[PDB]
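*Asks:* can you look at this? It's an experimental structure, sequence on top.
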Amino acid sequence: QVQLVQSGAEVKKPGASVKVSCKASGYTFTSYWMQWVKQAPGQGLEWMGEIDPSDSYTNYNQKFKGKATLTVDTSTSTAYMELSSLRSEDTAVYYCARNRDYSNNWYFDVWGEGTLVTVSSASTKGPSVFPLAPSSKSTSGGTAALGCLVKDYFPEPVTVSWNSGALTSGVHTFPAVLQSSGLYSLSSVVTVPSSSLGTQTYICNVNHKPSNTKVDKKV
Amino acid sequence: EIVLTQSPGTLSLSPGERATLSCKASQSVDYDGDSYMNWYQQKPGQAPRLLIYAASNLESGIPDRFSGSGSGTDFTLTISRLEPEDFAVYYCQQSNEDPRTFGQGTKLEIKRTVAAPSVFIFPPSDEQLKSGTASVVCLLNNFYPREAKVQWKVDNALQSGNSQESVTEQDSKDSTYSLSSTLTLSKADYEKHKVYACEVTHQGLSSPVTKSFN
């Protein structure tokens, strides 16, 4: 059917530049304009600019002019947005969406899955896991809580299983947080009845693809 | 530029309920019954989805419970009945003047019954106390609403301000939340005090809870 395909997420050092691809299919690429939207993490959607693939005319949000550059390749039916002089601010998911007209009103009906661009000078380093020992003699109640600490790592994402994919209840993997060290940090917990604490062997499985770090800790 | 203001910032309703979110423009985005306001829906870690265009035209695949109204500068999207798939973020957007601007967004949340959070604290593991750093975690299990407040108190009254919060999304079954604040301090700074407590403040809590160790 009709759909748009964007290149994969990328990590680049500040002051550098990136070219994001958005190849269309399922329709006559030159028959529609392409819209580029940016979504900073946690923030909302922000229109960047537009391009007419037939004659190559562009129009940018007065604030992204001279930072982003739109181009198309009719031969391969692909749009291209280039960001240059990257900075921390430039960290966001970038979306390309197909344009559509209805009585002068322009709305975007088909969106690409988006491309994440992370601007950091960190280095693709592996994660460390420091057990979050349950209790210190707190029992009294019925339920207990444990957890694993994945301190310092880069980039995202990281996988955190428990007792090898067969333990899904109570699990609570929290979103990673970026430290000033430029590195990341995440935590994973598994609520478990105290009566099992002594009869069960809990092991949180971590899997960081970037640095190929598979760590198995027994809490 | 035309500025769109959506409200309420957040909206907690229960399944089956009728929602009504409004989008206000700092200037008219119309002309002879011709409108330039569209709405989009966006789920966590997902691309926006066109809902309505030209202020009131349903897009293919958009149920009949959705409907958009409005004129000049005041517009509203309504959902007669909220279905499980309807809980997400909604964005109104203008296309009347360049640059095209979006709205801040309105998060429709699943309103449920208050739940007191289960609090937990964790002293720095040993391996970590080797690397030279110390991170004390204070868990806050399945609670509602999302509004809570953790207070770190080293050696009593000495409440610091060097932690990092992380809240979980609404659960896919009990619509609850989980929060974990983390206090990081050098091993030396750690081995200098004795009492480390994490004071929680929640509506579900009769009185602020506290969890300390030595």
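*Replies:* Received the coordinates, thanks. Numbering: from 1, shown residues only, chains lettered A, B, ... in the order given.
*Asks:* what's the domain layout of chain B?
*Replies:* Following curated CATH domains, one finds the domains of chain B at B:1-112, B:113-214.
*Asks:* that should have said chain A, apologies.
*Replies:* If you go by curated CATH domains, chain A breaks into A:1-121, A:122-219.
*Asks:* okay if I get those domains as TSV plus mean neighbour count and distance to residue B:210?
*Replies:* Quick note: C-beta positions are derived from backbone N, CA and C, even for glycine. Formatted as TSV, those follow (neighbours: other Cβ atoms under 10 Å in any protein chain shown; distance: least, Cβ to Cβ, whole Å):
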stretch	mean neighbour count	distance to residue B:210
domain A:1-121	17	30
domain A:122-219	17	13
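*Asks:* how about these in TSV, adding distance to residue B:19?
*Replies:* Shown next, in TSV, are the domains of chain A (distance: least, Cβ to Cβ, whole Å):
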stretch	distance to residue B:19
domain A:1-121	19
domain A:122-219	26
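*Asks:* I'd like these as JSON lines, with distance to chain B appended.
*Replies:* Compiled in JSON lines, the domains of chain A are given as follows (distance: least, Cβ to the nearest Cβ, whole Å):
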{"stretch": "domain A:1-121", "distance to chain B": "4"}
{"stretch": "domain A:122-219", "distance to chain B": "4"}
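*Asks:* specify the beta-bridge partners of the closest residue to residue B:56 other than its chain neighbours.
*Replies:* Nearest residue to residue B:56, sequence neighbours excluded (Cβ to Cβ, 6 or more residues apart in numbering or on different chains): residue B:68, at 4.8 Å. Beta bridges link residue B:68 to residue B:77 when assigned by DSSP bridges.
*Asks:* how many other residues sit next to residue B:68?
*Replies:* Applying other Cβ atoms under 10 Å in any protein chain shown, we find 22 residues neighbouring residue B:68.
*Asks:* check contacts around it.
*Replies:* Shown in contact with residue B:68 (Cβ atoms under 8 Å, 6 or more residues apart in numbering or on different chains): B:37, B:39, B:51-52, B:55-57, B:75-78.
*Asks:* which one of those sits closest to chain A?
*Replies:* residue B:57 (6.9 Å; Cβ to the nearest Cβ).
*Asks:* help me confirm that that closest one comes into contact with residue A:102.
*Replies:* Yes. Here residue B:57 reaches residue A:102: they are 6.9 Å apart, a contact under Cβ atoms under 8 Å.
*Asks:* give me the buried entries from the contacts of residue B:68.
*Replies:* By the neighbour-count criterion of 16 or more other Cβ atoms under 10 Å in any protein chain shown, the contacts of residue B:68 include these buried positions: B:37, B:39, B:51-52, B:55, B:57, B:75-77.
*Asks:* where along the chain do the helices fall?
*Replies:* Looking at chain A here, since you left the chain open. Ranges of helices in chain A, per DSSP state H, are A:194-197.
*Asks:* actually, chain B is the one I wanted.
*Replies:* Using DSSP H, helices in chain B cover B:128-131, B:187-190.
*Asks:* of all those, which one is nearest chain A?
*Replies:* When these are compared (using Cβ to the nearest Cβ), the closest one is helix B:128-131, at 4.2 Å.
*Asks:* what bridges to the spatially most central residue of chain A?
*Replies:* Central residue of chain A (Cα atoms, centre = their mean): residue A:116, 5.4 Å from the mean position. Note on residue A:116: beta-bridge partners by DSSP bridges are residue A:93.
*Asks:* correct me, but it touches residue A:95?
*Replies:* No. Counting by Cβ under 8 Å, residue A:116 does not reach residue A:95; the two are 10.7 Å apart.
*Asks:* excluding covalently adjacent residues, which one is nearest to residue B:15?
*Replies:* Nearest non-adjacent residue to residue B:15, counting by Cβ to Cβ, 6+ apart: residue B:82, 5.6 Å away.
*Asks:* got a list of what that neighbour touches?
*Replies:* By Cβ under 8 Å, 6+ apart, the contact list for residue B:82 reads B:13-19, B:108.
*Asks:* so of those residues, which ones are in strands?
*Replies:* Counting by DSSP state E, those place B:13, B:19, B:108 in strands.
*Asks:* highest neighbour count among those residues?
*Replies:* Using other Cβ under 10 Å as the neighbour criterion, residue B:108 leads these with 21 neighbours.
*Asks:* how far away is it from chain A?
*Replies:* Taking Cβ to the nearest Cβ, to the nearest Å as the measure, residue B:108 falls 15 Å from chain A.
*Asks:* likewise for residue B:177?
*Replies:* Distance check for residue B:177 against chain A: by Cβ to the nearest Cβ, it reads 10 Å.
*Asks:* is it true that that residue touches residue B:166?
*Replies:* No. Under the criterion of Cβ under 8 Å, residue B:177 lies out of contact with residue B:166, with a separation of 11.0 Å.
*Asks:* follow-up on the earlier one: mind putting the domains of chain B into TSV with distance to residue A:202?
*Replies:* What follows is the domains of chain B, written out as TSV (distance: least, Cβ to Cβ, whole Å):
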stretch	distance to residue A:202
domain B:1-112	28
domain B:113-214	14
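*Asks:* so residue A:30 touches residue A:74, yeah?
*Replies:* Yes. When contacts are counted by Cβ under 8 Å, residue A:30 is listed as touching residue A:74 (6.0 Å).
*Asks:* and the nearest residue to residue A:7 once chain neighbours are set aside, what does it touch?
*Replies:* Excluding its sequence neighbours, the residue lying closest to residue A:7 (Cβ to Cβ, 6+ apart) is residue A:21, at 4.2 Å. Applying Cβ under 8 Å, 6+ apart, we find residue A:21 in contact with A:6-7, A:78-80.
*Asks:* so residue A:21 bridges to which residues?
*Replies:* Residues in a beta bridge with residue A:21, per DSSP bridges, are residue A:80.
*Asks:* now swap in the one 4 residues further on and tell me
*Replies:* Here residue A:25 shows beta-bridge partners residue A:3, assigned using DSSP bridges.
*Asks:* cool, residue B:91 as well?
*Replies:* With DSSP bridges as the criterion, residue B:91 is bridged to residue B:40.
*Asks:* ok, now which ones touch it?
*Replies:* By Cβ under 8 Å, 6+ apart, the contact list for residue B:91 reads A:44-45, B:6, B:39-42, B:48, B:102-103, B:105.
*Asks:* and it, how close does it get to residue A:93?
*Replies:* Distance of residue B:91 to residue A:93, given as Cβ to Cβ, to the nearest Å: 14 Å.
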